[PDB]
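Q: I need the structure of the sequence given here:
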Amino acid sequence: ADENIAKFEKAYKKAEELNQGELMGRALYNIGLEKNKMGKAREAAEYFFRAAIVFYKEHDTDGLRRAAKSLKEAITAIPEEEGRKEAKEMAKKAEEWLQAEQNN
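A: Numbers count the residues shown, from 1 in each chain. Find the structure here:
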């Protein structure tokens, strides 16, 4: 069970209480992909959001754009107990962060 994720649970160190960010985020993003591949796109969407927060702070436009894109499409793939007004709004967050990162 989890396989790649199980490794990434040890590869992703405490980023959200330490000044290490750019080294991670993308690890939660990769875990998120795997969750959606196993059908459980709820945890997928959560990890794409928490990843997008890390990318946003590190101003990693590639990963933030990549997380935003995958976020909204993992949400449409979320099974029963589909949170909707919690999980889907996270995609809208990642939209706002991404567009403000551009401001071209």
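Q: Touching the helix or strand hosting residue 42 from outside, list them.
A: Element membership for residue 42, per DSSP states H and E: helix 41-58. Defining contact as CB atoms under 8 Å, 6 or more residues apart in numbering, one finds that helix 41-58 is touched by 15-16, 21-22, 24-29, 31-36, 60-61, 63-64, 67-68, 70-71, 74-75, 77-79, 81-83, 87, 90-91, 93-94, 97, 101. All C-beta spots, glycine's among them, are computed from the backbone N, C-alpha and C.
Q: Now a ChimeraX select for only the buried ones of those residues.
A: Command for ChimeraX, covering only those of the contacts of helix 41-58 found buried under the criterion 16 or more other CB atoms under 10 Å:
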select :15,21,24,25,26,27,28,29,31,32,34,35,36,60,63,64,67,68,70,71,74,75,78,87,90,91,94,97,101
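Q: Narrow the contacts of helix 41-58 to those in helices?
A: The helices, defined by DSSP state H, take in 26-29, 31-36, 61, 63-64, 67-68, 70-71, 74-75, 87, 90-91, 93-94, 97, 101 from the contacts of helix 41-58.
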